[PDB]
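Worksheet for the structure shown next.
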Amino acid sequence: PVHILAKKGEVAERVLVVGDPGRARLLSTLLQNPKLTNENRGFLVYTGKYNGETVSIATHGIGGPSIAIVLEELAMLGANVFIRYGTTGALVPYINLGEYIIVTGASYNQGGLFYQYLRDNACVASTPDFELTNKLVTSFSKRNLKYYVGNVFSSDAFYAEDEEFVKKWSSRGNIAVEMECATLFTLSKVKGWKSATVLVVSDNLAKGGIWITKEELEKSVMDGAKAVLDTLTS
Amino acid sequence: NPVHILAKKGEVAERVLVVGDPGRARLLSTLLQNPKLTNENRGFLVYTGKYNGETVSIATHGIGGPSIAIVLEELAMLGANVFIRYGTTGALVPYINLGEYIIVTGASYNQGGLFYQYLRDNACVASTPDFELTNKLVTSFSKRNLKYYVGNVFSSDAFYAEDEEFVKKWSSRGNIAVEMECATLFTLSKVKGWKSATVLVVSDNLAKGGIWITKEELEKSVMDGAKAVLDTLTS
Amino acid sequence: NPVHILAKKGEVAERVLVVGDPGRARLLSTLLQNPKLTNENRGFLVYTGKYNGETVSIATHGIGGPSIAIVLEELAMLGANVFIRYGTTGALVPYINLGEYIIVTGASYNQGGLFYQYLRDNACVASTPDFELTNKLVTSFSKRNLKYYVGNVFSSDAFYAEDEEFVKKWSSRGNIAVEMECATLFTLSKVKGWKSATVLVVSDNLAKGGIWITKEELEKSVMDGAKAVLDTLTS
Amino acid sequence: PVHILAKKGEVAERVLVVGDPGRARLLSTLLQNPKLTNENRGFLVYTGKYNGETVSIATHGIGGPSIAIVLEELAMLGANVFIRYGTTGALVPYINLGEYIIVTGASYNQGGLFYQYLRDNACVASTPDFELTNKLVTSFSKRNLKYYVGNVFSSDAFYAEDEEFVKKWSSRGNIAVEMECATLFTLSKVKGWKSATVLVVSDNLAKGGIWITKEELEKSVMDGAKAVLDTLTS
Amino acid sequence: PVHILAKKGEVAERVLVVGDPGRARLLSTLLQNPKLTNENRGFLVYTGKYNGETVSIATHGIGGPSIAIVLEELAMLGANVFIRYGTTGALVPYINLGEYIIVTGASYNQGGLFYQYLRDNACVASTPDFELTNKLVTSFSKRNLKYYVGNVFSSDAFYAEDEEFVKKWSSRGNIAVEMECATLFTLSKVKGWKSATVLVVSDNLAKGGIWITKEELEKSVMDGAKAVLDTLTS
Amino acid sequence: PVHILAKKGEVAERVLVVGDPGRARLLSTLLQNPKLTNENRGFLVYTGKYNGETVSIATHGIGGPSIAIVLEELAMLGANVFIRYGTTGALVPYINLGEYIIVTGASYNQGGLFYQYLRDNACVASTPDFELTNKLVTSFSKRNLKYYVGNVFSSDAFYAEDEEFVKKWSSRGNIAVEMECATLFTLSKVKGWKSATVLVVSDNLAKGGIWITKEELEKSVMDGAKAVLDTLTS
């Protein structure tokens, strides 16, 4: 571990991963006796208790290259189950801000990180663990939360322009866009890790007029985190 | 109008079980009530009957992405919108036994041709089946006490192309079996708005020597799986 | 051994006329002396008889590169080494009339899948038929006073994929017609050392409205062309 | 900007960017009257004065996707001159630890980010601003620092295995490897920004290793930072 | 015409194209009352008479980019029929030095020039005109010359190393390697020009031990040129 | 070498390369006691002295494939420092005819030549030698010549149509277009040669046109050549 500087036995087997260190710390308060195991390079990691089960909440930063490093090092420290909990922008009009999307697969443009790991340009199925995903669905529905199940496009260029973005990716079967799922899923399949993803809808690209308040999004993040933690400790 | 599948509108059901071998289509039609052959053009046998109070069609798709794409497109033009592929496959992992089943959760594939023509560029669009439908398949195979494994498959386009590290390469990429039509089915269904899924009967294990099964042991496996699929399609 | 074409060794001739429609294979077998069905597995009808004192087989290859690749591979394993594809096609240029023929000199294609698996990279390997064999086809069609055009074709993998400038794009690239198996046939024959060629019956013109021909006018066209191909195969 | 929440007027036109939030905090002590203008998502940004000019030190995280986001938002807040200061692994045996590499270009594997921005697979020259780079050579020369000028490979997969890694990239004209330069240079050429990069060698992939010290590196990092600030304010 | 500076009516409709200006001048002596119409940038072009038929012999230099420019300009000057006459290296052991190969198609690596003309990476059939090629075969056989008919690989890198070169390209259906055929054929199909190619075997890559004398190769070049000219004026 | 038939010891380590054989002949008059060491295939090579150093002026023809062959053979004959001096079309409105462009990098479309040499599709940084390029800036400055420093697009298809040519390449950080730089730079990085390039602007693709004269260009070409020779002998 060059970036995450935790010690032997500090990182839990099951980890809730988020991109924003602010969210990691915030969610750490849902744990019992949470301990900061790492803060190097801003990647905050907390290990505490949830439902009497030891788990960790880790920061993975933005982008495939970043989350790949974090996952590799966390696994080197004992982690083998990862559930990414993040924010996304819907690509379909019917989804509201504050609702969730349980990811079933990730579309991505070839090259870069994937070529280095896969060694060629084959489109390897980028999917989460079947079982873990169904467990998330039960957990969310059990908590009466509004979620949608579908694929997402994992973009590498947040600001790159594309006048046909929404139609293009929505017509391709994706209902939302974020940036780490493809990497998380593919690397996991290749390394043998059990992974899944649930995203909180913070924006709707198919409706640049709707908005959620700050207090209403943090409540959405908190309610979902509980559902994810129920799953990580089930 | 369709130029390969010459069935008339109203002769193809909304729910379709698709298989590659026209012989399997004929053999499975016996599971339907009052089965009627609605097409035989170009050898693409399509039967339409009932099952569980639902009208269902069993259609032949031939071998390969190009062939299945054509059949799916035409069936859809004839009103089909729910497809469940029931095929045969070679396992890529040691622990999966012959005659057992694989419920597909995704398909790996090499870019090019068909995908480029439909998608218009070389993006790796997630090639996955309908979530709801796939879980129902699981439920039906479980309710009928059948041994299944859930995982991704590699949809190859060249059955006989040589590749020395084939099995290890694709199994290390998270695929547990290999066949040739899933990527096309999933991706095209995604683009066209169709609900699709797939279950495969393991007829070979590329990871474990050359173990075998009696011809009858295999037919039973195919028959048992067909019933579970038909239950799903009509659930 | 072959797992799709279940003909036994000695049941498939060295010279094979291959067609995509199993119905055409049956219909053309009548041109052979003492035609015998040597396979029907998976609908791939293969007939073997004589013509001009030569033993010849007529085999079904289904639709698409993946399908024809499998059939060619297995027929070859059964001793075949000379293949002449006789199919149907859509002209990309205005001046070619329905029922007329196109003797293929090359095939354009989109890289990917099958080609990548066989070639191992994305090189554009010249996809051309055997020179000697193609000239003989020309000679036979000329000797039988049939109207043919000689030129390249685009071997598409997605029959229904949308492309607004399709006809102009491919015709401006030097292709006079479009079908789906030539690139695979030519390239694979090149790699495997087989002698292959192809003649196509024009059943549609994508460049000129929607002119048509009687069903019988078409069958005659197919029959007349089959005779010329059989003459070539046995010359 | 949704990531860097600095107020307009809180980010300088001249920006020194580093991947580690920790390094940004440490280097802010080199500015006069340093103010923290952003803390969101861990992307610490400091603004202050140096040699009579307003300057900012910003965190870009790891990988092309992350730095692209940060550069775009800093640019939207007024930044137009960027100088990345990072760590790297040398690909040639003669470069010692603690020394510096002034980058003249970046090799990269075609990938999603470049495709989304460039709209095709063209290998656009990924180079820094010529003038700015020479000013860097001048500043590092004036401070008597040991540096080498050359191309670097901007990798997207820190942990991807490659049996011939060193031989391959060194034979392609690269003397070091890192992860954000290609993105920085290419994005800057497309956006019209002036950019450059200096790297501190913290490891040598071509040599068994060198005997240095956590404090020899500290000084090396600080010394270089002064050279960059001089350049940014030249 | 920026490179070939001929005037209206100087370039013939039918042109024999060779890569070496030395060969163009040498072959010009087979014509009657040959006139040098251009020598700009070394691209020597001669227009004379053969069998009472007006024809031209033009220099196209080495490589796809070079021959593409020459063909484009020659066509702009009235040319529409081109028969490339050059040298090649056999990829099969059974062909001797001084014999000829009548090209039926050309294999090539995608990209560069082809992407600019074709606008994407489709593998367009790169073949010569069917009729013209058969005419060459009759002409050579008529002159009792030893030729082979087959495809060739049009390489862009004469010195690029490839330890499996011969097996790779020979197993792909090519019997020889040169550098302009793919360009000649594809551009011709796209521009509507009638083209063909005959190559003189100057080397056998599948036998790095055989050699031909200088007087024996020039006789091979002269004998073949006559056969090609018979065809261009038939 | 099978193309450049110069005798070993007849080619200098320092070489000024130009595409036009005619320009090579014209510039040889700048050397002391110029000797023609190669005439084969039109690739005129002259060797002589200048500022107390042996120097060669060689012809490379048009396109990457041609220059690659010439560079490889000159290198086999002892050349290791190359400076290309060519003509170019500006992609930005502010550059006037007769002025110069000192190239800092080359954009290119992935193609056969790069694939054969690099063995894959990696976008290796195609840059000139940093030192050599600065020496060029110095020599052109000392001779009071008007130049601009920037990247160029190395095209393979002079006549390929592209409705948005200028906008596309200028927006990608390129200020001019030519055809051999990418090959020169990349091959040199892989082979260990020291290379650079200066271009004379003979046309401006972004502006209707400028009123110059065949003799203003002659002088521009001669003046630049002296600046390059000074650099090569610096």
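Please note that chains go A, B, ... in the order of the structure tokens, that every chain numbers its residues from 1, and that ligands are numbered from 1 in the order shown.
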How close does chain E get to chain F? List, as a Markdown table, each residue of chain E within 8 Å, its nearest atom pair and the distance in Å to one decimal, counting only C-alpha atoms.
```
| residue | atom | partner | partner_atom | distance |
| --- | --- | --- | --- | --- |
| E:19 | CA | F:41 | CA | 7.9 |
| E:20 | CA | F:41 | CA | 4.9 |
| E:21 | CA | F:41 | CA | 6.0 |
| E:22 | CA | F:41 | CA | 6.1 |
| E:40 | CA | F:22 | CA | 7.5 |
| E:41 | CA | F:20 | CA | 4.9 |
| E:42 | CA | F:21 | CA | 6.1 |
| E:61 | CA | F:61 | CA | 7.0 |
| E:62 | CA | F:66 | CA | 5.3 |
| E:63 | CA | F:65 | CA | 5.1 |
| E:64 | CA | F:65 | CA | 7.3 |
| E:65 | CA | F:63 | CA | 5.1 |
| E:66 | CA | F:62 | CA | 5.2 |
| E:68 | CA | F:157 | CA | 7.1 |
| E:69 | CA | F:158 | CA | 6.4 |
| E:72 | CA | F:159 | CA | 7.3 |
| E:108 | CA | F:112 | CA | 7.5 |
| E:109 | CA | F:112 | CA | 4.9 |
| E:110 | CA | F:112 | CA | 5.9 |
| E:111 | CA | F:111 | CA | 3.8 |
| E:112 | CA | F:111 | CA | 4.1 |
| E:113 | CA | F:156 | CA | 4.9 |
| E:115 | CA | F:109 | CA | 7.9 |
| E:116 | CA | F:160 | CA | 5.8 |
| E:117 | CA | F:160 | CA | 5.1 |
| E:155 | CA | F:112 | CA | 7.5 |
| E:156 | CA | F:113 | CA | 4.9 |
| E:157 | CA | F:113 | CA | 5.1 |
| E:158 | CA | F:69 | CA | 6.4 |
| E:159 | CA | F:69 | CA | 7.0 |
| E:160 | CA | F:117 | CA | 5.1 |
| E:161 | CA | F:117 | CA | 7.1 |
| E:162 | CA | F:116 | CA | 7.9 |
```
Identify all chain B residues at most 8 Å from chain A by counting only C-alpha atoms; ligands do not count. Present them as a ChimeraX atom specification. /B:105-111,119,122-128,131,150-152,172-174,187,190-191
Write out, as a compact mmCIF listing (two decimals), in the first residue's frame, the residues just selected, with C-alpha atoms.
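Saved file out32.txt follows:
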```txt
# COMPACT_ATOMS: atom_id res chain seq x y z
CA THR B 105 -26.03 -11.93 -16.22
CA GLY B 106 -23.94 -10.36 -18.97
CA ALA B 107 -21.90 -11.01 -22.08
CA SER B 108 -18.30 -10.15 -22.90
CA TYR B 109 -17.50 -9.66 -26.57
CA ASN B 110 -14.93 -8.43 -29.06
CA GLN B 111 -15.86 -5.09 -30.66
CA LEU B 119 -23.86 1.46 -32.01
CA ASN B 122 -16.65 1.28 -30.57
CA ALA B 123 -18.03 2.05 -27.12
CA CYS B 124 -18.33 -0.91 -24.77
CA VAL B 125 -22.06 -0.68 -24.12
CA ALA B 126 -23.08 -2.82 -21.15
CA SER B 127 -24.40 -6.06 -22.69
CA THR B 128 -26.80 -7.26 -20.01
CA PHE B 131 -32.89 -7.55 -14.51
CA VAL B 150 -25.37 -17.31 -12.43
CA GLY B 151 -22.64 -15.44 -14.27
CA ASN B 152 -21.29 -13.77 -17.41
CA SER B 172 -10.00 -14.74 -15.59
CA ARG B 173 -12.18 -12.02 -17.14
CA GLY B 174 -15.17 -13.16 -15.08
CA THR B 187 -27.12 -5.22 -26.61
CA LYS B 190 -31.16 -2.68 -24.91
CA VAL B 191 -31.16 -0.47 -28.00
```
Taking only C-alpha atoms into account and nothing else, which residues of chain C lie no more than 10 Å away from chain B? Please answer as JSON, numbers by chain. {"C": [4, 20, 21, 22, 23, 24, 40, 41, 42, 43, 44, 45, 60, 61, 62, 63, 64, 65, 66, 67, 68, 69, 70, 73, 74, 109, 110, 111, 112, 113, 114, 115, 116, 117, 118, 119, 120, 122, 155, 156, 157, 158, 159, 160, 161, 162, 163, 180]}
Expected file contents, prior selection, C-alpha atoms, as a short mmCIF file (atom, residue, chain, number, x, y, z; two decimals), in the first residue's frame:
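Just written: out_33.cif:
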```cif
data_model
loop_
_atom_site.label_atom_id
_atom_site.label_comp_id
_atom_site.auth_asym_id
_atom_site.auth_seq_id
_atom_site.Cartn_x
_atom_site.Cartn_y
_atom_site.Cartn_z
CA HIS C 4 -22.67 -29.13 -36.30
CA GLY C 20 -27.23 -19.75 -47.13
CA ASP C 21 -30.81 -21.01 -47.48
CA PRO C 22 -31.33 -24.72 -46.72
CA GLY C 23 -34.30 -24.50 -49.06
CA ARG C 24 -32.05 -23.46 -51.93
CA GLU C 40 -29.53 -32.10 -41.78
CA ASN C 41 -28.23 -31.43 -38.25
CA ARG C 42 -28.99 -27.91 -37.04
CA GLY C 43 -30.74 -27.36 -40.33
CA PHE C 44 -27.48 -27.28 -42.29
CA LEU C 45 -28.62 -29.43 -45.22
CA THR C 60 -26.18 -24.80 -46.37
CA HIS C 61 -24.22 -22.14 -44.48
CA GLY C 62 -26.92 -20.10 -42.75
CA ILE C 63 -26.65 -16.33 -42.33
CA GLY C 64 -23.59 -14.36 -41.28
CA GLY C 65 -19.83 -14.68 -40.95
CA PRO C 66 -19.90 -16.72 -37.69
CA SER C 67 -22.28 -19.25 -39.20
CA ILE C 68 -20.48 -19.68 -42.52
CA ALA C 69 -17.11 -19.88 -40.73
CA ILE C 70 -18.35 -22.87 -38.72
CA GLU C 73 -14.37 -25.25 -41.07
CA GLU C 74 -16.30 -28.48 -40.61
CA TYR C 109 -15.93 -5.35 -44.34
CA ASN C 110 -15.89 -3.72 -40.93
CA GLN C 111 -13.10 -5.02 -38.67
CA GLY C 112 -13.81 -6.73 -35.39
CA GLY C 113 -15.02 -9.98 -33.88
CA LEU C 114 -14.51 -12.91 -36.20
CA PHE C 115 -11.70 -11.26 -38.16
CA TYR C 116 -9.88 -10.25 -34.98
CA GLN C 117 -10.20 -13.74 -33.53
CA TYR C 118 -8.78 -15.40 -36.65
CA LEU C 119 -6.22 -12.80 -37.71
CA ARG C 120 -5.14 -11.87 -34.15
CA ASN C 122 -6.96 -5.53 -36.86
CA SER C 155 -20.12 -7.98 -46.43
CA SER C 156 -22.35 -6.48 -43.75
CA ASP C 157 -22.92 -8.08 -40.33
CA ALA C 158 -26.03 -6.09 -39.42
CA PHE C 159 -28.79 -6.41 -42.00
CA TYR C 160 -31.09 -3.99 -40.15
CA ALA C 161 -28.60 -1.51 -38.69
CA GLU C 162 -29.53 2.01 -39.78
CA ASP C 163 -27.17 4.09 -41.91
CA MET C 180 -23.13 -10.90 -45.49
#
```
What residues in segment 79-233 of chain C get the DSSP label helix (DSSP H, G or I)? Please answer as number ranges by chain. C: 113-119, 131-143, 166-171, 182-192, 215-233
Could you state the separation of atom CA of residue 198 of chain A and atom CA of residue 82 of chain B in Å, given to one decimal place?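 We find that atom CA of residue 198 of chain A and atom CA of residue 82 of chain B lie 26.8 Å from each other.
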Check which residues of segment 38-129 of chain A sit at most 10 Å from segment 207-216 of chain A using only C-alpha atoms, and return one row each with the closest pair of atoms and their distance in Å to one decimal, ordered by chain and rising number, as a Markdown table.
```
| residue | atom | partner | partner_atom | distance |
| --- | --- | --- | --- | --- |
| A:89 | CA | A:207 | CA | 9.9 |
| A:90 | CA | A:207 | CA | 8.7 |
| A:91 | CA | A:207 | CA | 8.6 |
| A:92 | CA | A:207 | CA | 8.3 |
| A:93 | CA | A:207 | CA | 6.1 |
| A:94 | CA | A:207 | CA | 9.2 |
| A:95 | CA | A:207 | CA | 9.6 |
| A:96 | CA | A:210 | CA | 8.2 |
| A:97 | CA | A:212 | CA | 6.1 |
| A:98 | CA | A:216 | CA | 7.3 |
```
If you measure from atom CA of residue 222 of chain D to atom CA of residue 34 of chain D, what distance in Å do you get, rounded to one decimal?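 Interatomic distance here is 16.3 Å.
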